[PDB]
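Note sheet for the following structure.
FYI, the numbering just counts along the sequence from 1. Computed over heavy atoms, backbone and side chain alike; hydrogens, waters and symmetry mates excluded. Counting starts at 1 for both ligands and their atoms, in listed order.
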Amino acid sequence: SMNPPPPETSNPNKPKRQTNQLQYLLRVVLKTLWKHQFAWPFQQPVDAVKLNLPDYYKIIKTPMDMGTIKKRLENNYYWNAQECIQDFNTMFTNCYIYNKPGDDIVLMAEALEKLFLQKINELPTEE
Ligand SMILES: Cc1nnc2n1-c1sccc1C(c1ccccc1)=NC2
């Protein structure tokens, strides 16, 4: 079995910013989800080999996880908040696409997504 390369977290060619919205996404959004009891499956890329999910990367073509998002935020990979918000939404969507309704992992994603939505609702205006 084989995992794909992880998503990109470093690209010197890509223009970068450190904006107050992106700071909020790290300090509030990421940190809130990261510390949650259901965070652990989402803290690194899905290891399809160890988890014995040989069809995972057949179905999921835009993988994303909070480990990757954490690296992107801490290493200032983004230009804007929308990019990062999209990464979170990709992460949740992948979970719902791959798994069955009511599965434990789906319930975990739903709990994290509820908090995500609560925090993004108060994304500060640009300074
Ligand atoms: C993320 C993600 N998206 N789909 C899956 N996962 C992961 S990544 C580590 C375990 C799981 C699990 C899982 C299953 C039951 C309880 C906790 C995690 N299911 C497969």
Side-chain angles (χ1 to χ4, degrees):
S1 298
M2 298 187 71
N3 292 306
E8 182 174 276
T9 56
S10 177
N11 188 341
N13 291 320
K14 186 178 188 297
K16 314 299 203 309
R17 292 195 302 181
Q18 194 185 317
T19 76
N20 70 301
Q21 288 188 337
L22 281 160
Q23 291 171 336
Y24 178 93
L25 281 161
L26 176 51
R27 182 64 184 91
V28 178
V29 181
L30 178 67
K31 283 178 191 297
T32 292
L33 272 60
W34 192 269
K35 74 190 183 184
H36 196 277
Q37 68 181 358
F38 298 157
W40 65 267
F42 304 97
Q43 285 174 336
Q44 56 286 309
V46 168
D47 187 339
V49 179
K50 229 59 151 150
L51 298 166
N52 189 26
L53 305 175
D55 64 335
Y56 185 84
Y57 291 109
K58 174 67 196 70
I59 295 167
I60 299 303
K61 299 306 194 192
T62 315
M64 190 49 59
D65 64 280
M66 298 201 292
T68 299
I69 293 169
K70 188 171 172 292
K71 288 179 180 183
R72 287 178 172 193
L73 287 164
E74 289 174 349
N75 297 306
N76 303 122
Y77 178 81
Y78 298 114
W79 185 261
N80 64 39
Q82 177 173 18
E83 281 180 281
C84 180
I85 287 166
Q86 177 61 254
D87 284 346
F88 277 103
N89 281 319
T90 295
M91 183 185 72
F92 297 127
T93 299
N94 290 346
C95 190
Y96 306 141
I97 289 173
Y98 181 71
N99 295 286
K100 314 195 295 184
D103 281 343
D104 282 339
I105 193 62
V106 171
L107 297 172
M108 294 170 83
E110 285 174 350
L112 299 172
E113 189 182 17
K114 181 180 176 177
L115 292 166
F116 172 74
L117 289 167
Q118 288 173 297
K119 302 307 184 190
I120 292 297
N121 183 55
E122 304 191 58
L123 186 71
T125 53
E126 290 179 307
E127 288 175 6

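Remark: side-chain polar atoms of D65 are paired, donor with acceptor, to backbone N or O of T68 under 3.5 angstrom.
Within 4.0 Å of ligand 1, protein heavy atoms belong to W40, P41, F42, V46, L51, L53, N99, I105, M108, listed by chain and number.
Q18 is linked by a side chain to side chain contact (heavy atoms under 4.5 Å, CB included) to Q23, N76, counting only residues two or more places apart in sequence or in another chain. Scanning for side chain to side chain contact (heavy atoms under 4.5 Å, CB included) contacts around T62 gives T90, with sequence neighbours left out.
Once rounded to the nearest 0.5 Å, the distance linking CD of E83 with CD1 of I69 reads 12.0 Å. Note: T19 OG1 to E127 CD = 9.0 Å, rounded to the nearest 0.5 Å.
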Compile the donor-acceptor pairs under 3.5 Å between side chains in residues 106-114 and protein atoms, sequence neighbours left out, one pair per line.
residue : atom : partner : partner atom : Å
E113    : OE1  : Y96     : OH           : 2.7

